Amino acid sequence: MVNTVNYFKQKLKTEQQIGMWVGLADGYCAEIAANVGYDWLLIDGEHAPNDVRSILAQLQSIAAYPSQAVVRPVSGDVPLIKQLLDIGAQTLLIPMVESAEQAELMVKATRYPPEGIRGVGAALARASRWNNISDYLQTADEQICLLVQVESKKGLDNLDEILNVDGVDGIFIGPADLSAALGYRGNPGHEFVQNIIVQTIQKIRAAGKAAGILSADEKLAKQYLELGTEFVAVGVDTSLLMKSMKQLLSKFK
């Protein structure tokens, strides 16, 4: 077998990719999302009740569909990154990255020695299909994509430095965490926050990296798309389930 091509990584330089957040945290719900036709599905290990085993089930569900899986670990934990890479997650979104030093540690966490610190366990990994992918150890990083989140003041204070780290493919802006860090908690739509988000997107793209963002606000998502943002998540499965069931009941109360 040849390595599974990371089409999300390829498309970062060729098109704008529309994303759905998957926080329903099981293989059945991930498969329903996978039938819709999103460019990418974010399996949320940070803010949904997911562990390595529940993320594996969702990777296996989504694997039969064109939608590209991206996994967000709970933190930039190097052993957890090893685990998530070995179950076959090819794109990672690391939350709360705040310095070039931490971003460089995330790069190394995704690469085998001698260049990186990714633990070697190919015989056991769904990532190598248990060595059915014959040259996995020589070619794996070619299809690994590393994204980091800038979503704190220290993040923004280290933005130019993080954007000069080779092997960071994209910087994702977290409006919920960022708005809260800026004293506008629950109010990311404020001009003060949006002006910072827009400038941040322009700087990411000027340094030749992919810019990303999540907004459930259609108008803000279309505006981020008009600015050339490469990977835009436009909704969240839990939010769509709750809102659709509330809207339906309001037709009858």
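We number the residues from 1 along the sequence you see.
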property: Mean C-alpha B-factor comparison - 35 to 43 and 219 to 227, higher one; result: 219 to 227
property: Mean C-alpha B-factor comparison - 128 to 136 and 150 to 158, higher one; result: 128 to 136
property: Residue of maximum C-alpha B factor among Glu98, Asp86, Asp177, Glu142, per deposited coordinates; result: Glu142
property: Of the residues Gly212, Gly27, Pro66, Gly208, the one carrying the largest Cα B-factor as recorded; result: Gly208
property: Ranked C-alpha temperature factor of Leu240 among modelled chain residues, by third; result: middle
property: CA B-factor ranking of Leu92, expressed as a third of its chain; result: lowest
property: Lowest, middle or highest third - CA B-factor, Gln60; result: lowest
property: Modelled-residue ranking by C-alpha temperature factor, third containing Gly121; result: middle
property: Assigned third (lowest, middle, highest) for the C-alpha B factor of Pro113; result: middle
